[PDB]
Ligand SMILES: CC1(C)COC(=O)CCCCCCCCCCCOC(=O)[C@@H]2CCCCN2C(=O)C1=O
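In structure tokens, one chain follows: the form deposited without the named molecule.
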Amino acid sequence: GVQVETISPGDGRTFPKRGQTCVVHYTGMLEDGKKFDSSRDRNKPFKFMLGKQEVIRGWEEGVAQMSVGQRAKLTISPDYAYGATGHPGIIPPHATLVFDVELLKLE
């Protein structure tokens, strides 16, 4: 499902680990409509843990697949997003999600 279209590679060796938190800044836009998932978190971008599925696959996968200081435009598919039952307005069914994520650091 998910694809990783990096823009800025990161160091290339430092990625999240099982037990670390990821600190990411992202833009979640839809194929051709708008932003639904954006992290314009005043003073604290989004964070989550790897192996606890607190995000969709596209992310656990996608972001795990990114290194510290790497930014990518990930394209996620139903299978890796909110499959079919999305939330009618934010994520209608079978909508592809696009996430311009920047892995800031691990916590």
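One-based numbering along the sequence shown.
What comes next is about the form deposited with the named molecule bound, which does not appear here.
Interface membership of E31, defined by any non-hydrogen atom within 4.5 Å of the named molecule in the bound PDB entry, is ruled out. Though the partner is left out of this view, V23 does not reach within 4.5 Å of the named molecule in the bound PDB entry, counting heavy atoms only. Residue contact check for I56: one or more of its heavy atoms lie within 4.5 Å of the named molecule in the bound PDB entry. At a distance threshold of 4.5 angstroms between non-hydrogen atoms, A95 is out of contact with the named molecule in the bound PDB entry. Scanning 70-107 for heavy atoms within 4.5 Å of the named molecule in the bound PDB entry gives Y82, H87, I90, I91, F99 in sequence order.
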